[PDB]
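Student: Input model-v1.txt, format and content: compact mmCIF, N, CA and C atoms.
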```txt
# COMPACT_ATOMS: atom_id res chain seq x y z
N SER A 1 24.52 -104.66 93.68
CA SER A 1 23.34 -103.96 93.18
C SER A 1 23.71 -102.55 92.75
N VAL A 2 24.78 -102.02 93.33
CA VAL A 2 25.28 -100.70 92.97
C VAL A 2 25.88 -100.72 91.57
N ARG A 3 26.75 -101.69 91.33
CA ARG A 3 27.45 -101.80 90.05
C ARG A 3 26.52 -102.22 88.92
N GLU A 4 25.38 -102.81 89.28
CA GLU A 4 24.41 -103.23 88.28
C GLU A 4 23.56 -102.05 87.81
N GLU A 5 23.27 -101.13 88.72
CA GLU A 5 22.47 -99.95 88.39
C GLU A 5 23.31 -98.89 87.68
N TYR A 6 24.52 -98.67 88.19
CA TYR A 6 25.47 -97.74 87.58
C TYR A 6 26.73 -98.49 87.16
N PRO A 7 26.73 -99.04 85.94
CA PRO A 7 27.83 -99.89 85.46
C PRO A 7 29.17 -99.17 85.33
N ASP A 8 29.17 -97.85 85.23
CA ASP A 8 30.40 -97.10 85.01
C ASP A 8 30.98 -96.49 86.28
N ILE A 9 30.23 -96.53 87.37
CA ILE A 9 30.65 -95.85 88.59
C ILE A 9 31.97 -96.39 89.14
N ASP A 10 32.20 -97.69 88.98
CA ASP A 10 33.44 -98.30 89.46
C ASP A 10 34.65 -97.73 88.73
N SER A 11 34.54 -97.59 87.41
CA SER A 11 35.63 -97.04 86.62
C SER A 11 35.82 -95.55 86.92
N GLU A 12 34.72 -94.83 87.12
CA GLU A 12 34.77 -93.40 87.39
C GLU A 12 35.43 -93.10 88.74
N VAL A 13 35.10 -93.89 89.76
CA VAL A 13 35.70 -93.70 91.08
C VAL A 13 37.19 -94.07 91.06
N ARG A 14 37.52 -95.15 90.37
CA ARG A 14 38.92 -95.55 90.23
C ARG A 14 39.73 -94.51 89.48
N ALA A 15 39.13 -93.90 88.46
CA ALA A 15 39.80 -92.84 87.70
C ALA A 15 40.17 -91.68 88.63
N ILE A 16 39.24 -91.35 89.53
CA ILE A 16 39.44 -90.25 90.47
C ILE A 16 40.55 -90.58 91.47
N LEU A 17 40.53 -91.79 92.02
CA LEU A 17 41.57 -92.22 92.94
C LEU A 17 42.94 -92.23 92.26
N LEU A 18 42.97 -92.67 91.01
CA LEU A 18 44.22 -92.75 90.25
C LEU A 18 44.86 -91.37 90.09
N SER A 19 44.02 -90.36 89.88
CA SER A 19 44.49 -88.99 89.74
C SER A 19 44.90 -88.37 91.08
N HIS A 20 44.56 -89.04 92.18
CA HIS A 20 44.86 -88.52 93.52
C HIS A 20 45.63 -89.50 94.41
N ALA A 21 46.32 -90.44 93.78
CA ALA A 21 46.99 -91.52 94.50
C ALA A 21 48.18 -91.05 95.34
N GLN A 22 48.57 -89.79 95.17
CA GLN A 22 49.70 -89.24 95.91
C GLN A 22 49.35 -88.97 97.38
N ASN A 23 48.29 -88.19 97.60
CA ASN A 23 47.97 -87.73 98.95
C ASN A 23 46.66 -88.28 99.52
N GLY A 24 45.93 -89.04 98.71
CA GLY A 24 44.64 -89.55 99.15
C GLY A 24 43.55 -88.52 98.95
N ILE A 25 42.32 -88.88 99.29
CA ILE A 25 41.18 -88.01 99.01
C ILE A 25 39.96 -88.36 99.88
N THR A 26 39.21 -87.35 100.30
CA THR A 26 38.00 -87.57 101.09
C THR A 26 36.80 -87.86 100.20
N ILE A 27 35.72 -88.32 100.83
CA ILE A 27 34.47 -88.58 100.12
C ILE A 27 33.90 -87.30 99.50
N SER A 28 33.91 -86.20 100.26
CA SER A 28 33.42 -84.93 99.73
C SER A 28 34.22 -84.49 98.50
N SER A 29 35.55 -84.59 98.59
CA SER A 29 36.39 -84.27 97.44
C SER A 29 36.16 -85.23 96.26
N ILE A 30 35.88 -86.50 96.55
CA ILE A 30 35.59 -87.47 95.49
C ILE A 30 34.34 -87.06 94.72
N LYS A 31 33.29 -86.72 95.45
CA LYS A 31 32.04 -86.28 94.83
C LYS A 31 32.27 -85.02 94.01
N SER A 32 33.08 -84.11 94.56
CA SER A 32 33.48 -82.90 93.86
C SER A 32 34.15 -83.23 92.52
N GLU A 33 35.20 -84.03 92.57
CA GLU A 33 35.89 -84.47 91.35
C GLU A 33 34.97 -85.22 90.40
N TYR A 34 34.04 -85.99 90.95
CA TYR A 34 33.10 -86.75 90.14
C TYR A 34 32.24 -85.82 89.29
N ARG A 35 31.80 -84.71 89.88
CA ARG A 35 31.01 -83.73 89.15
C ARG A 35 31.81 -83.07 88.02
N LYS A 36 33.08 -82.77 88.27
CA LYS A 36 33.93 -82.18 87.25
C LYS A 36 34.21 -83.18 86.13
N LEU A 37 34.35 -84.45 86.50
CA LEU A 37 34.76 -85.49 85.57
C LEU A 37 33.66 -85.94 84.61
N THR A 38 32.45 -86.12 85.13
CA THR A 38 31.36 -86.68 84.34
C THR A 38 30.27 -85.67 84.00
N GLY A 39 30.26 -84.54 84.70
CA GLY A 39 29.23 -83.54 84.52
C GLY A 39 27.92 -83.96 85.17
N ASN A 40 27.99 -84.94 86.07
CA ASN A 40 26.81 -85.48 86.73
C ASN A 40 27.00 -85.56 88.24
N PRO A 41 25.90 -85.51 89.00
CA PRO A 41 25.99 -85.68 90.45
C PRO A 41 26.43 -87.10 90.81
N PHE A 42 27.13 -87.24 91.93
CA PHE A 42 27.55 -88.55 92.41
C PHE A 42 26.31 -89.38 92.77
N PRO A 43 26.21 -90.60 92.22
CA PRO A 43 24.98 -91.40 92.33
C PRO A 43 24.81 -92.20 93.63
N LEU A 44 25.81 -92.25 94.50
CA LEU A 44 25.66 -92.93 95.79
C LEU A 44 25.45 -91.94 96.92
N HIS A 45 24.37 -92.12 97.68
CA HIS A 45 24.02 -91.18 98.74
C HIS A 45 24.24 -91.76 100.13
N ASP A 46 24.56 -93.05 100.19
CA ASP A 46 24.67 -93.75 101.46
C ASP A 46 25.63 -94.94 101.29
N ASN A 47 26.24 -95.37 102.39
CA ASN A 47 27.19 -96.49 102.37
C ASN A 47 28.32 -96.29 101.37
N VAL A 48 28.85 -95.07 101.32
CA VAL A 48 29.90 -94.75 100.37
C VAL A 48 31.22 -95.40 100.78
N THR A 49 31.52 -95.39 102.07
CA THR A 49 32.72 -96.06 102.58
C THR A 49 32.72 -97.55 102.19
N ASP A 50 31.58 -98.22 102.36
CA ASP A 50 31.48 -99.64 102.04
C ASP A 50 31.71 -99.88 100.55
N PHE A 51 31.14 -99.02 99.71
CA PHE A 51 31.37 -99.13 98.27
C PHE A 51 32.85 -99.00 97.92
N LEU A 52 33.49 -97.95 98.43
CA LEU A 52 34.91 -97.72 98.18
C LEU A 52 35.76 -98.91 98.63
N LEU A 53 35.37 -99.51 99.75
CA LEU A 53 36.14 -100.63 100.29
C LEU A 53 35.82 -101.98 99.61
N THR A 54 34.97 -101.97 98.58
CA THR A 54 34.78 -103.19 97.78
C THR A 54 35.60 -103.13 96.49
N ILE A 55 36.27 -102.00 96.27
CA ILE A 55 37.17 -101.87 95.13
C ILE A 55 38.56 -102.37 95.53
N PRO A 56 39.06 -103.39 94.82
CA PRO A 56 40.38 -103.97 95.11
C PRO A 56 41.47 -102.90 95.09
N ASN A 57 42.42 -103.03 96.02
CA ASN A 57 43.58 -102.15 96.13
C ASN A 57 43.29 -100.76 96.71
N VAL A 58 42.05 -100.55 97.15
CA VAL A 58 41.66 -99.29 97.79
C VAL A 58 41.78 -99.39 99.31
N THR A 59 42.35 -98.35 99.92
CA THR A 59 42.47 -98.29 101.37
C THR A 59 41.73 -97.08 101.94
N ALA A 60 41.35 -97.18 103.21
CA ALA A 60 40.77 -96.06 103.93
C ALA A 60 41.50 -95.92 105.25
N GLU A 61 41.59 -94.70 105.75
CA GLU A 61 42.27 -94.47 107.01
C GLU A 61 41.71 -93.26 107.73
N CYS A 62 41.86 -93.27 109.05
CA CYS A 62 41.44 -92.17 109.88
C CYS A 62 42.61 -91.22 110.04
N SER A 63 42.49 -90.03 109.46
CA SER A 63 43.56 -89.04 109.48
C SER A 63 43.73 -88.39 110.85
N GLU A 64 44.77 -87.58 110.99
CA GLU A 64 45.03 -86.86 112.23
C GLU A 64 43.90 -85.88 112.54
N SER A 65 43.36 -85.26 111.49
CA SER A 65 42.29 -84.28 111.64
C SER A 65 40.92 -84.95 111.80
N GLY A 66 40.91 -86.27 111.82
CA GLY A 66 39.69 -87.03 112.01
C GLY A 66 39.01 -87.40 110.70
N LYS A 67 39.44 -86.78 109.61
CA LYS A 67 38.85 -87.03 108.30
C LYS A 67 39.18 -88.41 107.75
N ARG A 68 38.22 -88.99 107.04
CA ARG A 68 38.40 -90.31 106.43
C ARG A 68 39.02 -90.18 105.04
N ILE A 69 40.26 -90.65 104.92
CA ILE A 69 41.04 -90.49 103.68
C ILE A 69 41.14 -91.79 102.89
N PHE A 70 40.77 -91.73 101.62
CA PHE A 70 40.87 -92.90 100.75
C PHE A 70 42.04 -92.79 99.79
N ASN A 71 42.63 -93.93 99.45
CA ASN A 71 43.77 -93.95 98.54
C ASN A 71 43.90 -95.29 97.83
N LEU A 72 44.88 -95.38 96.93
CA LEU A 72 45.24 -96.64 96.31
C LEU A 72 46.42 -97.21 97.08
N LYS A 73 46.40 -98.52 97.32
CA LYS A 73 47.50 -99.16 98.03
C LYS A 73 48.77 -99.10 97.19
N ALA A 74 49.89 -98.74 97.82
CA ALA A 74 51.17 -98.64 97.14
C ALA A 74 51.63 -99.99 96.60
N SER A 75 52.15 -99.99 95.38
CA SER A 75 52.58 -101.23 94.73
C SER A 75 54.10 -101.36 94.73
N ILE B 1 30.46 -92.82 117.34
CA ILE B 1 29.69 -93.88 117.97
C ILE B 1 29.62 -93.67 119.48
N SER B 2 28.40 -93.73 120.02
CA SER B 2 28.16 -93.45 121.44
C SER B 2 28.55 -94.61 122.35
N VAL B 3 29.17 -95.64 121.78
CA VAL B 3 29.56 -96.81 122.56
C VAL B 3 30.73 -96.49 123.48
N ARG B 4 31.50 -95.48 123.12
CA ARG B 4 32.65 -95.07 123.92
C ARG B 4 32.21 -94.50 125.27
N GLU B 5 31.02 -93.90 125.30
CA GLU B 5 30.46 -93.40 126.55
C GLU B 5 30.05 -94.58 127.43
N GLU B 6 29.34 -95.53 126.84
CA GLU B 6 28.87 -96.71 127.56
C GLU B 6 30.00 -97.67 127.93
N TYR B 7 31.01 -97.76 127.07
CA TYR B 7 32.14 -98.66 127.30
C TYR B 7 33.47 -97.92 127.17
N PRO B 8 33.86 -97.19 128.22
CA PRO B 8 35.04 -96.31 128.20
C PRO B 8 36.36 -97.03 127.92
N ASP B 9 36.38 -98.35 128.02
CA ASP B 9 37.61 -99.11 127.83
C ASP B 9 37.74 -99.70 126.43
N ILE B 10 36.68 -99.59 125.63
CA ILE B 10 36.65 -100.28 124.35
C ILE B 10 37.73 -99.81 123.36
N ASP B 11 38.04 -98.52 123.38
CA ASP B 11 39.11 -97.96 122.55
C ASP B 11 40.45 -98.65 122.81
N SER B 12 40.80 -98.78 124.08
CA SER B 12 42.08 -99.36 124.45
C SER B 12 42.12 -100.86 124.15
N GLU B 13 40.99 -101.53 124.31
CA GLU B 13 40.91 -102.97 124.05
C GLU B 13 41.08 -103.29 122.56
N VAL B 14 40.39 -102.54 121.71
CA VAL B 14 40.51 -102.73 120.27
C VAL B 14 41.92 -102.38 119.79
N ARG B 15 42.47 -101.27 120.30
CA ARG B 15 43.83 -100.86 119.96
C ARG B 15 44.86 -101.91 120.38
N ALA B 16 44.65 -102.52 121.54
CA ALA B 16 45.51 -103.61 122.00
C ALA B 16 45.50 -104.77 121.02
N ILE B 17 44.31 -105.14 120.56
CA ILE B 17 44.18 -106.22 119.60
C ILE B 17 44.93 -105.89 118.31
N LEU B 18 44.73 -104.68 117.80
CA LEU B 18 45.40 -104.26 116.56
C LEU B 18 46.92 -104.27 116.73
N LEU B 19 47.39 -103.75 117.86
CA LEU B 19 48.82 -103.73 118.17
C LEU B 19 49.42 -105.14 118.16
N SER B 20 48.68 -106.09 118.71
CA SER B 20 49.14 -107.48 118.75
C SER B 20 49.13 -108.14 117.37
N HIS B 21 48.49 -107.50 116.39
CA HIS B 21 48.40 -108.04 115.03
C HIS B 21 48.87 -107.04 113.97
N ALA B 22 49.70 -106.09 114.39
CA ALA B 22 50.17 -105.01 113.53
C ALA B 22 51.09 -105.50 112.42
N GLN B 23 51.61 -106.72 112.55
CA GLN B 23 52.47 -107.30 111.53
C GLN B 23 51.68 -107.42 110.22
N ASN B 24 50.80 -108.41 110.16
CA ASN B 24 49.92 -108.56 109.02
C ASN B 24 48.62 -107.82 109.27
N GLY B 25 47.52 -108.31 108.71
CA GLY B 25 46.24 -107.68 108.94
C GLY B 25 45.34 -108.49 109.85
N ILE B 26 44.19 -107.93 110.18
CA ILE B 26 43.19 -108.65 110.95
C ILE B 26 41.78 -108.28 110.49
N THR B 27 40.91 -109.28 110.42
CA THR B 27 39.52 -109.06 110.02
C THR B 27 38.67 -108.74 111.24
N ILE B 28 37.47 -108.23 111.01
CA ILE B 28 36.53 -107.97 112.10
C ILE B 28 36.20 -109.22 112.90
N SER B 29 35.92 -110.33 112.22
CA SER B 29 35.63 -111.58 112.93
C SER B 29 36.79 -111.99 113.85
N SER B 30 38.02 -111.87 113.36
CA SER B 30 39.18 -112.20 114.17
C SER B 30 39.34 -111.23 115.34
N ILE B 31 38.99 -109.97 115.12
CA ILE B 31 39.05 -108.97 116.19
C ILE B 31 38.09 -109.31 117.32
N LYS B 32 36.87 -109.69 116.96
CA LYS B 32 35.85 -110.03 117.95
C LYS B 32 36.25 -111.26 118.77
N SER B 33 36.89 -112.23 118.12
CA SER B 33 37.36 -113.42 118.82
C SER B 33 38.55 -113.11 119.72
N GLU B 34 39.47 -112.27 119.24
CA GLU B 34 40.58 -111.83 120.08
C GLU B 34 40.03 -111.05 121.26
N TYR B 35 38.96 -110.29 121.02
CA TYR B 35 38.32 -109.50 122.07
C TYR B 35 37.76 -110.39 123.18
N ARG B 36 37.03 -111.44 122.80
CA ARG B 36 36.48 -112.37 123.77
C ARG B 36 37.58 -113.07 124.56
N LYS B 37 38.65 -113.46 123.86
CA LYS B 37 39.77 -114.11 124.53
C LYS B 37 40.50 -113.15 125.47
N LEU B 38 40.53 -111.87 125.10
CA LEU B 38 41.24 -110.86 125.88
C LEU B 38 40.45 -110.38 127.10
N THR B 39 39.16 -110.11 126.91
CA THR B 39 38.34 -109.50 127.96
C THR B 39 37.45 -110.48 128.70
N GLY B 40 37.17 -111.62 128.07
CA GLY B 40 36.25 -112.59 128.64
C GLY B 40 34.81 -112.17 128.43
N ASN B 41 34.62 -111.18 127.56
CA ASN B 41 33.30 -110.65 127.27
C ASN B 41 33.03 -110.58 125.78
N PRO B 42 31.75 -110.66 125.38
CA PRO B 42 31.43 -110.50 123.96
C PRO B 42 31.69 -109.08 123.48
N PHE B 43 31.98 -108.93 122.20
CA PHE B 43 32.21 -107.62 121.62
C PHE B 43 30.92 -106.80 121.66
N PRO B 44 30.96 -105.64 122.33
CA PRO B 44 29.75 -104.84 122.58
C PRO B 44 29.16 -104.15 121.34
N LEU B 45 29.90 -104.10 120.23
CA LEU B 45 29.36 -103.54 118.98
C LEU B 45 28.79 -104.59 118.05
N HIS B 46 27.57 -104.35 117.58
CA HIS B 46 26.85 -105.33 116.78
C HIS B 46 26.61 -104.84 115.35
N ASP B 47 27.00 -103.60 115.07
CA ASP B 47 26.72 -102.98 113.78
C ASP B 47 27.68 -101.80 113.62
N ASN B 48 27.97 -101.44 112.37
CA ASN B 48 28.86 -100.31 112.08
C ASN B 48 30.24 -100.42 112.73
N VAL B 49 30.82 -101.61 112.67
CA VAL B 49 32.13 -101.86 113.25
C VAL B 49 33.24 -101.18 112.44
N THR B 50 33.11 -101.20 111.12
CA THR B 50 34.06 -100.52 110.24
C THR B 50 34.14 -99.04 110.59
N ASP B 51 32.99 -98.42 110.82
CA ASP B 51 32.92 -97.00 111.19
C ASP B 51 33.60 -96.74 112.52
N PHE B 52 33.42 -97.66 113.46
CA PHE B 52 34.08 -97.54 114.76
C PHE B 52 35.59 -97.62 114.59
N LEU B 53 36.05 -98.62 113.83
CA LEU B 53 37.48 -98.83 113.63
C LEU B 53 38.12 -97.63 112.93
N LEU B 54 37.41 -97.05 111.97
CA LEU B 54 37.92 -95.94 111.18
C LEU B 54 37.76 -94.58 111.88
N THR B 55 37.33 -94.59 113.14
CA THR B 55 37.39 -93.37 113.94
C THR B 55 38.54 -93.43 114.94
N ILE B 56 39.31 -94.52 114.90
CA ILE B 56 40.53 -94.62 115.71
C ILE B 56 41.71 -94.14 114.87
N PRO B 57 42.41 -93.09 115.34
CA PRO B 57 43.53 -92.53 114.58
C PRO B 57 44.59 -93.58 114.27
N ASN B 58 45.18 -93.49 113.08
CA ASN B 58 46.24 -94.37 112.60
C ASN B 58 45.78 -95.77 112.16
N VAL B 59 44.48 -96.02 112.18
CA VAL B 59 43.96 -97.31 111.75
C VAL B 59 43.58 -97.27 110.26
N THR B 60 43.93 -98.32 109.52
CA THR B 60 43.55 -98.41 108.11
C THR B 60 42.69 -99.63 107.84
N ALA B 61 41.91 -99.55 106.77
CA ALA B 61 41.13 -100.68 106.29
C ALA B 61 41.43 -100.82 104.81
N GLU B 62 41.50 -102.05 104.33
CA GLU B 62 41.72 -102.26 102.91
C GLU B 62 40.98 -103.46 102.38
N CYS B 63 40.71 -103.40 101.08
CA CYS B 63 40.09 -104.49 100.37
C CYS B 63 41.20 -105.39 99.84
N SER B 64 41.34 -106.57 100.43
CA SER B 64 42.26 -107.57 99.92
C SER B 64 41.62 -108.23 98.70
N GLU B 65 42.44 -108.72 97.78
CA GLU B 65 41.93 -109.40 96.59
C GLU B 65 41.17 -110.67 96.97
N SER B 66 41.39 -111.14 98.19
CA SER B 66 40.63 -112.25 98.75
C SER B 66 39.19 -111.82 99.04
N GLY B 67 38.97 -110.51 99.11
CA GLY B 67 37.65 -109.96 99.33
C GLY B 67 37.42 -109.53 100.77
N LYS B 68 38.19 -110.11 101.68
CA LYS B 68 38.03 -109.82 103.10
C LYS B 68 38.47 -108.40 103.44
N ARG B 69 37.71 -107.74 104.31
CA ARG B 69 38.09 -106.42 104.78
C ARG B 69 39.12 -106.53 105.89
N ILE B 70 40.33 -106.04 105.60
CA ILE B 70 41.46 -106.18 106.51
C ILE B 70 41.78 -104.86 107.21
N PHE B 71 41.92 -104.90 108.54
CA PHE B 71 42.30 -103.72 109.30
C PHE B 71 43.72 -103.82 109.83
N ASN B 72 44.40 -102.68 109.89
CA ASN B 72 45.76 -102.64 110.39
C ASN B 72 46.10 -101.27 110.97
N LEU B 73 47.27 -101.17 111.58
CA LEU B 73 47.83 -99.89 112.00
C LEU B 73 48.69 -99.37 110.87
N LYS B 74 48.57 -98.08 110.57
CA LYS B 74 49.35 -97.49 109.49
C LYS B 74 50.84 -97.47 109.85
N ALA B 75 51.68 -97.85 108.89
CA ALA B 75 53.12 -97.94 109.12
C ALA B 75 53.76 -96.59 109.45
N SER B 76 54.63 -96.59 110.45
CA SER B 76 55.34 -95.39 110.91
C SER B 76 54.45 -94.17 111.10
```
Step by step, read the file and then write its structure as structure tokens.
Tutor:
Amino acid sequence: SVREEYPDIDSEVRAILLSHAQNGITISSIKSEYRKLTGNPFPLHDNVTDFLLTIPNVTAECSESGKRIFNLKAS
Amino acid sequence: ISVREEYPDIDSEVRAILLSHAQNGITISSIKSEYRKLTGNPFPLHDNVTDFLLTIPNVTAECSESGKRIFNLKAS
């Protein structure tokens, strides 16, 4: 239902991950980059982790500092 | 998650399961079944399991092309 309402959000989030595939990225930083990239506010306000984890090849992990870090799986 | 207060052993039990499956991956359903086999008790979390797992340091979750959410311990 997310991808049906915002058809481009999947490509936009993947674009952001692709540009940050070296060190990973938090949800707050993703929203930040999203605003710079599209000139629009991030359209998901809830269940963001679940959305990110429905994108193939995307990983999430609990960092040392406790922060939730997202990345692309190494190929 | 406030379940750690109510169940002080749950961190070590879940970590034990992950350690025993650190080779490949493990799904939430498989974790709950390993949990019952290990403790003789049902898994005390009924919701937000991904969030619980992702608050354990060194644990990862990934979207397999099979669609299943796979959890593992991060390498090295």
Student: What's around residue 59 of chain B at 8 Å? Count only C-alpha atoms, leave out sequence neighbours fewer than 6 positions away in its own chain, and write the answer as a VMD selection string.
Tutor: (chain A and resid 61 to 62) or (chain B and resid 53 71 to 74)
Student: Around the point (43.9, -102.6, 98.8) in the file's coordinates, collect all residues with an atom within 6.5 Å, using all atoms listed in the file, and return them as a PDB file with N, CA and C atoms, in the frame of the given file.
Tutor:
```pdb
ATOM      1  N   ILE A  55      36.270-102.000  96.270  1.00  0.00           N
ATOM      2  CA  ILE A  55      37.170-101.870  95.130  1.00  0.00           C
ATOM      3  C   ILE A  55      38.560-102.370  95.530  1.00  0.00           C
ATOM      4  N   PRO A  56      39.060-103.390  94.820  1.00  0.00           N
ATOM      5  CA  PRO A  56      40.380-103.970  95.110  1.00  0.00           C
ATOM      6  C   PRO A  56      41.470-102.900  95.090  1.00  0.00           C
ATOM      7  N   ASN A  57      42.420-103.030  96.020  1.00  0.00           N
ATOM      8  CA  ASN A  57      43.580-102.150  96.130  1.00  0.00           C
ATOM      9  C   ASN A  57      43.290-100.760  96.710  1.00  0.00           C
ATOM     10  N   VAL A  58      42.050-100.550  97.150  1.00  0.00           N
ATOM     11  CA  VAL A  58      41.660 -99.290  97.790  1.00  0.00           C
ATOM     12  C   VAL A  58      41.780 -99.390  99.310  1.00  0.00           C
ATOM     13  N   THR A  59      42.350 -98.350  99.920  1.00  0.00           N
ATOM     14  CA  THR A  59      42.470 -98.290 101.370  1.00  0.00           C
ATOM     15  C   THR A  59      41.730 -97.080 101.940  1.00  0.00           C
ATOM     16  N   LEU A  72      44.880 -95.380  96.930  1.00  0.00           N
ATOM     17  CA  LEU A  72      45.240 -96.640  96.310  1.00  0.00           C
ATOM     18  C   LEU A  72      46.420 -97.210  97.080  1.00  0.00           C
ATOM     19  N   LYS A  73      46.400 -98.520  97.320  1.00  0.00           N
ATOM     20  CA  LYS A  73      47.500 -99.160  98.030  1.00  0.00           C
ATOM     21  C   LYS A  73      48.770 -99.100  97.190  1.00  0.00           C
TER      22      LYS A  73
ATOM     23  N   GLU B  62      41.500-102.050 104.330  1.00  0.00           N
ATOM     24  CA  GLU B  62      41.720-102.260 102.910  1.00  0.00           C
ATOM     25  C   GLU B  62      40.980-103.460 102.380  1.00  0.00           C
ATOM     26  N   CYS B  63      40.710-103.400 101.080  1.00  0.00           N
ATOM     27  CA  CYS B  63      40.090-104.490 100.370  1.00  0.00           C
ATOM     28  C   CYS B  63      41.200-105.390  99.840  1.00  0.00           C
ATOM     29  N   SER B  64      41.340-106.570 100.430  1.00  0.00           N
ATOM     30  CA  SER B  64      42.260-107.570  99.920  1.00  0.00           C
ATOM     31  C   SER B  64      41.620-108.230  98.700  1.00  0.00           C
ATOM     32  N   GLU B  65      42.440-108.720  97.780  1.00  0.00           N
ATOM     33  CA  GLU B  65      41.930-109.400  96.590  1.00  0.00           C
ATOM     34  C   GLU B  65      41.170-110.670  96.970  1.00  0.00           C
TER      35      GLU B  65
END
```
Student: Choose the residue, out of B:28, B:75, B:70, B:14, that has the smallest atom-to-atom separation from residue 49 of chain B; count only N, CA and C atoms.
Tutor: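 Answer, going by the shortest atom-to-atom distance: B:28.
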Student: Write out as a PyMOL selection string each polymer residue whose atoms come within 10 Å of residue 12 of chain A, counting only C-alpha atoms; drop sequence neighbours fewer than 3 positions from it.
Tutor: chain A and resi 7-9+15-18+33-34+37-38
Student: If I take atom CA of residue 18 of chain B and atom N of residue 51 of chain A, how far is one from the other in Å, to one decimal?
Tutor: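 Answer for the atom CA of residue 18 of chain B to atom N of residue 51 of chain A separation: 22.7 Å.
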Student: Between atom CA of residue 47 of chain B and atom C of residue 10 of chain B, what is the distance, to one decimal in Å?
Tutor: 14.9 Å
Student: Which residue out of A:74, A:53, A:25, A:48 has the minimum interatomic distance to chain B when only N, CA and C atoms are used?
Tutor: A:53
Student: Atom C of residue 64 of chain A and atom C of residue 55 of chain B, how far apart in Å?
Tutor: 9.6 Å
Student: What parts of chain A does DSSP call alpha helix (DSSP H)? I'd like the answer as a PyMOL selection string.
Tutor: chain A and resi 2-5+9-19+27-38+48-52
Student: Given only C-alpha atoms as the basis, pick out the residue of A:40, A:11, A:47, A:32 nearest to residue 48 of chain B.
Tutor: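 With only C-alpha atoms as the atom set, the closest residue is A:47.
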Student: Which of these, B:44, B:58, B:25, B:33, has the shortest distance to residue 8 of chain B once you count only C-alpha atoms?
Tutor: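 Between B:44, B:58, B:25, B:33, the residue approaching residue 8 of chain B most closely is B:44.
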Student: Please provide as a PDB file with N, CA and C atoms, in the coordinates of the input all residues within 9 Å of residue 23 of chain A, with the sequence filter that same-chain residues fewer than 3 positions apart are discarded (counting only C-alpha atoms).
Tutor:
```pdb
ATOM      1  N   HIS A  20      44.560 -89.040  92.180  1.00  0.00           N
ATOM      2  CA  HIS A  20      44.860 -88.520  93.520  1.00  0.00           C
ATOM      3  C   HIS A  20      45.630 -89.500  94.410  1.00  0.00           C
ATOM      4  N   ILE A  69      40.260 -90.650 104.920  1.00  0.00           N
ATOM      5  CA  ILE A  69      41.040 -90.490 103.680  1.00  0.00           C
ATOM      6  C   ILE A  69      41.140 -91.790 102.890  1.00  0.00           C
ATOM      7  N   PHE A  70      40.770 -91.730 101.620  1.00  0.00           N
ATOM      8  CA  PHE A  70      40.870 -92.900 100.750  1.00  0.00           C
ATOM      9  C   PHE A  70      42.040 -92.790  99.790  1.00  0.00           C
ATOM     10  N   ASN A  71      42.630 -93.930  99.450  1.00  0.00           N
ATOM     11  CA  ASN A  71      43.770 -93.950  98.540  1.00  0.00           C
ATOM     12  C   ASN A  71      43.900 -95.290  97.830  1.00  0.00           C
TER      13      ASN A  71
END
```
Student: Using only C-alpha atoms for the distances, tell me which of A:26, A:19, A:65, A:49 is nearest to residue 50 of chain B.
Tutor: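 Ranking A:26, A:19, A:65, A:49 by distance to residue 50 of chain B, first place goes to A:49.
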Student: With 4 Å on each side, where is the centre of the axis-aligned box around all listed atoms of segment 30-41 of chain B, and how long are its edges in Å to one decimal, as JSON?
Tutor:
```
{"center_x": 37.1, "center_y": -111.5, "center_z": 121.0, "size_x": 16.2, "size_y": 13.1, "size_z": 23.3}
```
Student: For the strand (DSSP E or B) assignment from backbone DSSP, which residues of segment 5-75 of chain B qualify? Please present them as a list in words.
Tutor: residues 26, 59, 60, 61, 62, 63, 69, 70, 71, 72 and 73 of chain B
Student: Pull out segment 43-64 of chain A, keep C-alpha atoms, and write it as a compact mmCIF listing (two decimals), in the first residue's frame.
Tutor:
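The result, written out as decode-v7.txt:
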```txt
# COMPACT_ATOMS: atom_id res chain seq x y z
CA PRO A 43 6.40 10.52 3.07
CA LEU A 44 6.61 7.65 5.62
CA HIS A 45 5.95 8.59 9.24
CA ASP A 46 5.69 5.12 10.77
CA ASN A 47 6.97 1.56 10.20
CA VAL A 48 10.03 2.88 8.40
CA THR A 49 12.23 -0.06 9.44
CA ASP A 50 9.66 -2.49 8.00
CA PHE A 51 9.55 -0.57 4.71
CA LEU A 52 13.34 -0.55 4.39
CA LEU A 53 13.45 -4.27 5.13
CA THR A 54 11.05 -5.04 2.23
CA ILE A 55 13.62 -3.72 -0.24
CA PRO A 56 15.74 -6.61 -1.60
CA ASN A 57 19.45 -6.55 -0.68
CA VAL A 58 18.90 -4.07 2.18
CA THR A 59 20.24 -4.86 5.65
CA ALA A 60 19.69 -3.35 9.10
CA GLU A 61 21.87 -3.68 12.17
CA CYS A 62 22.17 -2.53 15.74
CA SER A 63 25.33 -0.42 15.99
CA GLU A 64 27.68 -0.11 18.96
```
